[PDB]
Asker: 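First the structure, which I've put down as structure tokens, then a few questions once you've had a look.
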Amino acid sequence: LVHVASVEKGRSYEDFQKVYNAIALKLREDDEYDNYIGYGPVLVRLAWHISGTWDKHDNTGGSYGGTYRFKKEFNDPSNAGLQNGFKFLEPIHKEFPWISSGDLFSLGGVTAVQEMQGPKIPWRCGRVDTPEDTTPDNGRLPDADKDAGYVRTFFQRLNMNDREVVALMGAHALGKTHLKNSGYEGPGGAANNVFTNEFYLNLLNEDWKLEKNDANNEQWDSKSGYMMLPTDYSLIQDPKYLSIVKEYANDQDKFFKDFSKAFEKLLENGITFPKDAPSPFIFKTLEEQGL
Ligand code: HEM
């Protein structure tokens, strides 16, 4: 399967910076969502789940085709709750009908991270919508109730190495789990709509307790009111993973630089970019724009 990136006709940097600003302005406006967390965390979860379907062996799935707009992927049980990020973006797509679905879903994730004061993520345009029959089947996204060997093995299919996996998981500092979407409940920290290295700090410094929640699932709970998934707590149970967790709890700039590289790679897996294709764009935030 080859997927060649094709720039939307005649569009350049300035066009996509208008779509960025449109998403970013609505993230500021629709601030009441999910008890004032806002839409940022569900938008970086949407960009990870449309990319997380990729398989390195046959190049199926991935962010290229925008296939989450089809019923099969939209109704995957693993995507429960992401309908709220889709409905957030649907006004912006009506306003910029020329951008492809894969490009809009991945740029929403980029925009949310930068606007929540994360690191800059280089983004490349050129994803092309593909037919309903190209939609990957349900079951390619990871279970939460498993251990470190499961996480290591699952992520080799997206070929992410240990460092990449631990840097990517730092995004679970954002937002929260919702019992009616996943059978898990609670946030992982105090700052859950500001991008920081707090996931690593809480994992190493809180007193975690294995409890059962109302959906009868086990999760790690702390006195402070935070929670960690079984696969999150895995990172301090494995010796290779644990020493990268310590590196990111002790250096927020290294965490930001490694997250940026692994999130761009996540979003770009499966896509062939021609050498006459433009460079990755670095978008300015509303703040750097005075907007
Ligand atoms: C083995 C890996 C992973 C598993 C099993 C997993 C699982 C989950 C689960 C069960 C939730 C709760 C969903 C809900 O109830 O609403 C969640 C939320 C979230 N996840 Fe993951 N995840 C994984 C990796 C990642 C990665 C790699 C990213 C991003 C780069 C990510 C970003 C998020 C975000 C931002 C939320 C919060 C969503 C919200 O607030 O609504 N996840 N994750």
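The first residue of the sequence shown is numbered 1, and numbering continues consecutively from there. Side-chain atoms are counted along with the backbone in the values below, which use heavy atoms only and exclude waters and symmetry mates. Every number for a ligand or one of its atoms is a count from 1 in the order of the listing.
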Asker: Just going by heavy-atom distances, which of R152, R45, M169 is nearest to atom 13 (C) of ligand 1?
Answerer: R45
Asker: Given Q237 and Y233, is the side-chain hydrogen bond (donor to acceptor under 3.5 Å, both in side chains) satisfied, shown in steps?
Answerer: CA-CA 7 Å; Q237 301 181 126; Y233 191 87; 5.6 Å; no
Asker: For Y20 and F281, I'd like to know if the aromatic rings sit close, meaning centre-to-centre distance below 6.0 Å.
Answerer: no
Asker: Relative to each other, are the rings of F154 and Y150 parallel, tilted or perpendicular (30° and 60° limits)?
Answerer: parallel
Asker: Tell me yes or no: between the side chains of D76 and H49, is some donor less than 3.5 Å from an acceptor?
Answerer: no
Asker: Consider ligand 1: state whether an atom of it lies below 4.0 angstrom from any non-hydrogen atom of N192.
Answerer: no
Asker: Pull out every atom of ligand 1 sitting under 4.0 Å from any heavy atom of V44, numbered as shown with elements.
Answerer: 35 (C)
Asker: Any chance the side chains of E73 and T67 put a donor and an acceptor closer than 3.5 Å?
Answerer: yes
Asker: Does either side chain, that of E185 or that of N213, offer a donor lying less than 3.5 Å from an acceptor on the other one?
Answerer: no
Asker: Suppose we call two aromatic rings close when their centres sit under 6.0 Å apart. Are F195 and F256 close by that rule?
Answerer: yes
Asker: Got a salt bridge between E95 and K26, using NZ or NE/NH1/NH2 to carboxylate O under 4.0 Å?
Answerer: no
Asker: Checking contacts here: is it the side chain or the backbone of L229 that comes within 4.0 Å of ligand 1, counting heavy atoms only? Could be both or neither.
Answerer: side chain
Asker: Please work out whether any backbone atom (N, CA, C, O) or any side-chain heavy atom from C-beta onward of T177 is under 4.0 Å from ligand 1, and answer side chain, backbone, both or neither.
Answerer: both
Asker: If you measure every N or O of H178 against every N or O of ligand 1, does any of those distances drop under 3.5 Å?
Answerer: yes
Asker: Considering both backbone and side-chain atoms of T231, is one of its nitrogen or oxygen atoms within less than 3.5 Å of a nitrogen or oxygen in ligand 1?
Answerer: no
Asker: Between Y68 and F105, what is the ring plane arrangement, given parallel below 30°, perpendicular above 60°, and tilted in between?
Answerer: perpendicular
Asker: Got the closest protein heavy atom to atom 37 (C) of ligand 1, with its distance?
Answerer: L174 O, 3.7 Å
Asker: Give the numbers and elements of all ligand 1 atoms closer than 4.0 Å to a heavy atom of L168.
Answerer: 27 (C), 30 (C)
Asker: Among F259, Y150, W48, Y33, which residue places a heavy atom closest to atom 26 (C) of ligand 1?
Answerer: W48
Asker: Counting from 1, what ligand 1 atoms have a heavy atom of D143 closer than 4.0 Å?
Answerer: 5 (C)
Asker: List the closest protein heavy-atom neighbour of atom 35 (C) of ligand 1: residue, atom name, distance to the nearest 0.1 Å.
Answerer: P41 O, 3.5 Å
Asker: Between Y184 and ligand 1, does any nitrogen or oxygen pair lie at a separation below 3.5 Å?
Answerer: no
Asker: Name the option, out of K176, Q219, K146, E185, that contains the heavy atom nearest to atom 40 (O) of ligand 1.
Answerer: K176
Asker: Under a 4.0 angstrom heavy-atom cut-off, which atoms of ligand 1 come close to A171?
Answerer: 29 (C), 30 (C), 35 (C)
Asker: Is the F16 to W98 ring centre distance short of 6.0 Å?
Answerer: yes
Asker: Compare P142, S182, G175 and give the one whose heavy atom is closest to atom 10 (C) of ligand 1.
Answerer: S182
Asker: Using a strict 4.0 Å threshold on nitrogen-to-oxygen distance, state whether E287 and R28 make a salt bridge.
Answerer: no
Asker: Could you pull out the atom name of the N/O/S atom in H172 that is nearest atom 21 (Fe) of ligand 1?
Answerer: NE2
